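Comments concern the structure below.
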């Protein structure tokens with residue numbers, strides 16, 4: 001299982017030294033970046049593989065009320081840099097990520113209007129593709145939570161990692 005290194009270490013907020021009477025970590029902290037997905041059955045994890053039927057997309061509303069729901073992290077506006085690293089020696093073919101926008105028009109197809117692509121990084125060559133770290137701007141004028149949909153494709157198998165991560169993006 002790989003993990004997100006930056007922005008900021010979630011482990012510092014996991015320790016009971018951050019409040020004791022108040023802490024927010026749980027066992028889900030071990031693999032929120034590397035939720036394992038599998039072709040076919042059994043599904044075993046949450047409702048996914050159902051993007052076309054939107055069973056998984058509309059299920060994301062219920063996932064925000066799930067026992068397995070991850071601990072959302074607040075970030076303020078301005079530019080921020082995300083860095084991920086993997087503990088797996090297995091090859092990676094491609095990885096890409098999206099964010100959700102609440103407030104879709106009812107006239108527009110919700111299946112599309114719910115999320116937007118903010119980055120796709122195939123694995124090819126040169127030091128350009130070697131860049132695991134990427135810059136994302138966070139709005140300085142708006143507040144609200146977003147779900148990051150992310151996929152990490154492992155070339156050494158037909159199986160891949162599909163994960164969803166709540167972030168709360170606020171003004172300065």
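Numbering (the deposited numbering), first residue to last: 1 to 172.
From the three backbone atoms N, C-alpha and C, an ideal C-beta is built for every residue, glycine too.
Checklist entry - What residue ranges within the segment 72-155 form continuous beta strand (DSSP E) runs of no fewer than 3 residues, ordered along the chain? => result Taking only runs of at least 3 residues, the beta strand (DSSP E) segments lying wholly in the segment 72-155 are 73-75, 78-85, 92-100, 115-122, 134-138 and 144-154.
Item to check | Cβ-based neighbour list, residue 75, same chain, cut-off 8 Å, excluding 5 preceding and 5 following | outcome: If you number the chain shown from 1, residue 75 lands on position 75. Cβ neighbours of residue 75 beyond the five flanking positions: 7, 138, 167, 168, 169 and 170.
Checklist entry - What three-state label does DSSP hand residue 36 in the structure shown? => result Residue numbering aside, residue 36 sits at position 36 when the chain shown is read from its first letter. The answer is strand: DSSP assigns residue 36 an E or B state.
Checklist entry - When DSSP builds the beta bridges, which residues end up paired with residue 162? => result The residue you call residue 162 lines up with position 162 of the chain shown. According to DSSP, residue 162 bridges with 151.
Item to check | Assigned exposure category for residue 90 - 16 Cβ within 10 Å defines buried | outcome: Counting from 1 along the chain shown, the entry for residue 90 is found at position 90. By the 10 Å Cβ count, residue 90 comes out exposed.
Checklist entry - Hey, would you say residue 87 sits closer than 9 Å to residue 3, going by beta carbons? => result Reading the chain shown from its first residue, position 87 is the one you call residue 87. Reading the chain shown from its first residue, position 3 is the one you call residue 3. Judged by their CB atoms, residue 87 and residue 3 are nearer to each other than the 9 Å cut-off.
Checklist entry - Any idea if residue 50 is buried or exposed, counting beta-carbon neighbours within 10 angstroms, 16 or more meaning buried? => result Within the chain shown, numbered from 1, the residue matching residue 50 stands at position 50. Exposed.
Item to check | Proximity winner among 147, 122 and 12, relative to residue 132 (alpha-carbon distances) | outcome: Here residue 132 corresponds to residue number 132 of the chain shown, with the count starting at 1. The shortest C-alpha separation from residue 132 is found at 122.
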